[PDB]
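1. Quick one: experimental structure and sequence below.
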Amino acid sequence: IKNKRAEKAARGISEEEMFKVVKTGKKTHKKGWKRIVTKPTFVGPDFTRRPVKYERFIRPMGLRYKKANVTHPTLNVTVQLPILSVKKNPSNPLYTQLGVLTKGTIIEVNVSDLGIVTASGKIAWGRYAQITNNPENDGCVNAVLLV
Amino acid sequence: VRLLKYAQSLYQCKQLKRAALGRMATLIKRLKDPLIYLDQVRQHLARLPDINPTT
Amino acid sequence: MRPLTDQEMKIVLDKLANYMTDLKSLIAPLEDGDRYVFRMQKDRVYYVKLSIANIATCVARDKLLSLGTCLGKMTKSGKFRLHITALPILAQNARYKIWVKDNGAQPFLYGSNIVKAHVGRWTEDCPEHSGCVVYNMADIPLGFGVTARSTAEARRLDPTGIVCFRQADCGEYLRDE
Amino acid sequence: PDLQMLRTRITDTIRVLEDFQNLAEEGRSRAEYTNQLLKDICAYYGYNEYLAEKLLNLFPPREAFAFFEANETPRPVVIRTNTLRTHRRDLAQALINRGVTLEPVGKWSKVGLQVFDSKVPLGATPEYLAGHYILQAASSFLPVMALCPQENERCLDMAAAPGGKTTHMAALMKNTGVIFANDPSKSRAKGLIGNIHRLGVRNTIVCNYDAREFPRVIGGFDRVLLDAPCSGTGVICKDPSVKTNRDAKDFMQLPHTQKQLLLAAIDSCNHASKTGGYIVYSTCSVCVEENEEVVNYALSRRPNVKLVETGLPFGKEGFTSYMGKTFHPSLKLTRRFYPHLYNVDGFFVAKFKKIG
Amino acid sequence: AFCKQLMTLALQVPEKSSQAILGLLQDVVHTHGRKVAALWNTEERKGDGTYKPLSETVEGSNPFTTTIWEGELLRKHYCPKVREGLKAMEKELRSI
RNA sequence: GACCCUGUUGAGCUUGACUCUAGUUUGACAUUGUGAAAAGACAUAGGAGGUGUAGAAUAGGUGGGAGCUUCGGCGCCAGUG
RNA sequence: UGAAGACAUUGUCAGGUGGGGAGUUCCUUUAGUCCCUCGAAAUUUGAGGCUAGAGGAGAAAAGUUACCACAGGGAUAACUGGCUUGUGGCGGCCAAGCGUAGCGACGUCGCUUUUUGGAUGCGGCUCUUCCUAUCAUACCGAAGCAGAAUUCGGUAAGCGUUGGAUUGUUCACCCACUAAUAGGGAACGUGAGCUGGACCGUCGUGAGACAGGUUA
């Protein structure tokens, strides 16, 4: 997998800055208006506009995670794969909407490099994986593929 | 250090410290062999004679 | 779709007259014997030509998702909220105008209030809570809203001071993507 | 294995196939050589045997190698200006003042502008948010200049999912006429509506209907565009799954739906149109089963439709014949677009007049 | 809108008055300029609608979706005064 | 600081029956004529035809065929399809 | 009696829509026969069709949300205190045992992770005393430790432990003397000394404003 990646290689502003801008635009700061979520999250697109429902949740650059360590059981192997979307967090609907990564969290992972052959002769390009560590205590995301 | 900046409890800070210091250790345990090779070559160079090229 | 009722059109025209100067221009008949109308599809109002509406009726209710220009939505409490999609009409026939420099134009798109440190041009004799469309230095319509103070108070105001209340901006197009 | 060694071996096999008569082996034949090259390219370029073989039959060795290098390499940035709001000169001037590197995409489009590198996010620029330009592709530019829509007409964008083509239609009709923009998935119709409202279009009707109930719902459109859902062998750069996820079953279901869609478009246009009776069929694939066989089917099952000159600046003619099947001679009027020759996504276009 | 309408008028109106109209439009171009340069540079013609000549209101008639093409007759009007006035108009349009 | 609940509000989602029908809209047909000038498709009778890749070569296509013969050039045969 | 004119207008059948008027109380998924039709490619498919499970009083409005703004109600009201420190997490293998499938340390393998060498967003100075988690000095053990200069470790707190550049400040890096120019506590007030708002009211609210009042 790593040699394939190596040979393939051979071939906006952050929400903190946006919030500071809005604050410069607005005189009066309501007490505790800035509600930063202190849990590691996944976002995806670099620059996006959030709904007014969730425009108060700030997700820090230092806490954004884009890549995870996924283990395939049947073919015992751990590979670094990119996270596509946070699918369900069995702790809070708000957490799964904001993309909070907690223990036992179902996420979508790209398994394109792994090369899983399916029944129809397809090639797997996205699979569910359960995060089985505590990313809030460990500066990493560890997940087991549900295959 | 960034994660510690955004930490929220003593347990979280301890786990983050333990993780950081242990990740650095794993890196060294990976760099076992080059250290041995460098020690050997260090000794051999320290024992090499001085030969002046232009004399 | 369904045409607006009398009270619904009264509310919509109240908001439109709050923000615009002439409205018989909007509802005036055109050269080809056609006129613009108002229709409601799933608590959204759409400004659209009568010909387009009459040719759009063939579409089943569950399958019509847009028609013409979406002016805004009627909320559950029976009030009309105008939209950045309805900005172009406001630019065409705006009542009060506020020009912002780049230093406030970028924040306005990010979703911040307009400041005296940002304003670059006013419209003389603007009352306190009036309808002002926010443009940049290139006469490009950037948004719309309601201003905070009058012209004299804004002039006398601290340059780090709110002069306009943000209500809608072009950044929501970066949202609904 | 050693994929650099395999690149070298691919080069050797290509020269061997080029000069087999002079440069040969004791008894190894073209069949063995091309089979080895097939396996080589399947291994290094991550293509399944079926699709890799299909593209190998599509092109001469050198051209095939260029095609797959191009498919590995991404396309440049390209944007379309809204003639409804600004024009190319002022838009380019403003963007350069903001600090991005642009230059006109060519002499074939007067509305397109190629972007190389940028200092400001292209989708966050104030002009972009005001609806001055849209991030589209030149391949997507092509079908509308095939079907230039005149003012005060009824047009049917039978599949208008991104929105760029519908907005460009609105630009050329000058916000006049009626455009039925249909997309059979609410989620992507959301982005369609967003783009329409950002770019300032007032003559669009967005429907979520299956594109094949059109002669039943409205019928009688002056002009129709049909960007047929396809296998995606022209945007393999953007969608790397196509390399190994397209099988025989797929290349049998996809064309049946495309054939039904083309029949629907033919039945949806009107023969008695004062200004235009045009169907324009476009496809994002480069495979012959996907491309021009649906055209042959259309000209074989509806005699009242005639293939007409495409009016596009560049391209290569359609294939009158292929491995066994002979098409209608007139198919040469169609045009094909490939990345290796022209730095554009691979498309196929076809223009039709209705007579009956 | 007034520039376009006055060019049409000057096309259809007697010599001395037409000279006056050309002078007024020259003054208008001098004062405003950049605002009305698009009426003569066809590359800046807006395409957000079609010009409506027999309109009812000034805003209703889309003025920037058209081009002042009258010069092609007012340069061959019989009066040297109006001809040189149009020449001065183009001169200052050029020296904008 | 934080947490739970209620009321109003915004944001979003879901539901809001069935049968005819005004309105609206698409296609076809009809009144309904006299002609003239153009275009298309049907009627024959002719004439002429095919350059994706490789294959020497511009391979409509199918059918038989190992011999063809203005009796010297061809077939078959080896390719390459 | 004149003008217009083979286009209009008009009529009929087939449909699309119907939040308006009158009356009354269809598609999608699942499994099966390889049972029929319809398309499509030729040596096979996709869509309908059959059987019976699952989805979709009634234009008045209704249900819903770990979301938002405002108003209110309730619980909690500080907090750690034989705490803290040096060795990451996840999954597999092994695994004395417990047990008779489940928990299971140390190691090993996989990810982080490799075939060529600025971060930070209250600081600073003087003196007393104490700690050692020792920078130097004293004595030791080990090192290709020839000599010299050293590195790591041990006992040791008796004795001492700077100045620059830079930055809002600090650290990192870099630069100069020096034997070295160590780190901490004085116990929720970091030993002693010095220095560098919330309540009401009016009007609003897609939004705040008041030389309006009161008050610790």
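-> That came through fine. Numbering: from 1, shown residues only, chains lettered A, B, ... in the order given.
2. tell me which parts of chain C are close to chain A?
-> Residues of chain C found near chain A (CB under 8 Å from any CB of the partner chain) are C:104, C:106-108, C:110-115, C:160-162, C:166, C:171-172, C:174-175, C:177. Where C-beta positions appear, they are placed from N, C-alpha and C, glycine not excepted.
3. out of the residues you listed, which are inside strands?
-> Residues of the residues of chain C next to chain A located in strands (DSSP state E): C:114, C:115, C:162, C:166.
4. and the last one, bridged to which residues?
-> Spelled out, that is residue C:166. residue C:145 (DSSP bridges).
5. Identify the residues contacting it.
-> Contacts for residue C:166 (CB atoms under 8 Å, 6 or more residues apart in numbering or on different chains) come out as A:25, C:108, C:111, C:112, C:113, C:114, C:143, C:145.
6. mind giving me CSV with those and columns for neighbour count and distance to RNA strand F?
-> Compiled in CSV, these are given as follows (neighbours: other CB atoms under 10 Å in any protein chain shown; distance: CB to the nearest atom of the strand, whole Å):
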residue, neighbour count, distance to RNA strand F
A:25, 21, 19
C:108, 27, 20
C:111, 22, 14
C:112, 23, 18
C:113, 21, 17
C:114, 27, 21
C:143, 30, 16
C:145, 20, 15
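7. Mind putting those into TSV with distance to residue D:60?
-> Output for the contacts of residue C:166, formatted as TSV (distance: CB to CB, whole Å):
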residue	distance to residue D:60
A:25	61
C:108	56
C:111	55
C:112	59
C:113	63
C:114	63
C:143	56
C:145	62
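8. nearest spatial neighbour of the residue of chain C found nearest chain A, skipping sequence neighbours?
-> Using CB to the nearest CB, the single residue of chain C nearest to chain A is residue C:112, 2.8 Å away. Leaving aside its sequence neighbours, residue C:112 sits nearest to residue A:25 (CB to CB, 6 or more residues apart in numbering or on different chains; 2.8 Å).
9. That neighbour touches residue C:117, doesn't it?
-> No - the pair residue A:25 / residue C:117 is not scored as a contact, 9.7 Å apart, by CB atoms under 8 Å.
10. any common contacting residues for the two?
-> residue C:104.
11. which is the next helix or strand following the longest helix belonging to chain E?
-> If you go by DSSP state H, chain E has its longest helix at helix E:15-31. Sequence-wise, the next helix or strand downstream of helix E:15-31 (DSSP states H and E) is helix E:71-74.
12. List the residues that contact the nearest residue to residue D:23 once chain neighbours are set aside.
-> Nearest non-adjacent residue to residue D:23, counting by CB to CB, 6+ apart: residue D:16, 6.1 Å away. In this structure, residue D:16 makes contact with D:23, D:24, D:33, judged by CB under 8 Å, 6+ apart.
13. so what's the last one up against?
-> Right, the one you point to is residue D:33. D:13, D:16, D:17, D:20.
14. For those, give me CSV that also has distance to RNA strand F.
-> Formatted as CSV, the contacts of residue D:33 follow (distance: CB to the nearest atom of the strand, whole Å):
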residue, distance to RNA strand F
D:13, 13
D:16, 12
D:17, 8
D:20, 7
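15. Find the helix or strand that the residue nearest to residue D:236 when sequence neighbours are not counted is a member of.
-> By the measure of CB to CB, 6+ apart, the closest residue to residue D:236 outside its immediate chain neighbours is residue D:71, 4.6 Å from it. Take DSSP H and E as the rule and residue D:71 turns out to sit in helix D:61-72.
16. For that helix, buried residues please.
-> D:61, D:64, D:65, D:66, D:67, D:68, D:70, D:71 (16 or more other CB atoms under 10 Å in any protein chain shown).
17. Using CSV, list the CA coordinates for it.
-> Provided in CSV are the C-alpha atoms of helix D:61-72 (Å, rounded to 0.1, in the frame of the first residue of the first chain):
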residue,chain,number,x,y,z
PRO,D,61,-0.6,2.2,-28.5
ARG,D,62,1.1,5.6,-28.3
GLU,D,63,-2.3,7.3,-28.0
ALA,D,64,-3.4,4.8,-25.3
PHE,D,65,-0.3,5.5,-23.3
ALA,D,66,-1.0,9.3,-23.6
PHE,D,67,-4.6,8.8,-22.7
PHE,D,68,-3.8,6.9,-19.5
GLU,D,69,-1.1,9.4,-18.5
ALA,D,70,-3.7,12.2,-19.0
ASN,D,71,-6.2,10.2,-17.0
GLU,D,72,-3.7,10.0,-14.1
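18. And the contacts of that helix?
-> Against helix D:61-72 from outside (CB under 8 Å, 6+ apart): A:11, D:10, D:14, D:17-18, D:37, D:41, D:45, D:55-56, D:58-59, D:236-237, D:338-340, D:343.
19. quick check, it touching RNA strand F?
-> No - judged by CB under 7 Å from any atom of the strand, helix D:61-72 makes no contact with RNA strand F; its nearest approach is 7.6 Å.
20. Stretch B:3-17 now?
-> No - under the criterion of CB under 7 Å from any atom of the strand, RNA strand F is not reached by stretch B:3-17; the shortest gap measures 9.1 Å.
21. buried ones in that stretch?
-> In stretch B:3-17, counting by 16+ other CB under 10 Å, buried: B:3, B:6, B:7, B:12, B:15, B:16.
22. now swap in stretch C:153-168 and tell me
-> C:154, C:157, C:161, C:162, C:163, C:164, C:166, C:167, C:168.
23. out of those residues, what pair is the most spread apart?
-> C:157 and C:168 (23.4 Å; CB to CB).
24. who are the neighbours in contact with the residue sitting furthest away from the middle of chain C?
-> Residue farthest from the centre of chain C, counting by CA atoms, centre = their mean, is residue C:58 at 29.3 Å. Contacts for residue C:58 (CB under 8 Å, 6+ apart) come out as D:217, D:218.
25. In three-state terms, how would it be classified?
-> Secondary structure assignment for residue C:58 (DSSP: H, G, I helix; E, B strand; the rest coil): coil.
26. same check, this time on residue C:46
-> strand.
27. Find the nearest non-adjacent residue to residue D:34, please.
-> Residue D:34 sits nearest to residue D:17 (CB to CB, 6+ apart), 6.7 Å away.
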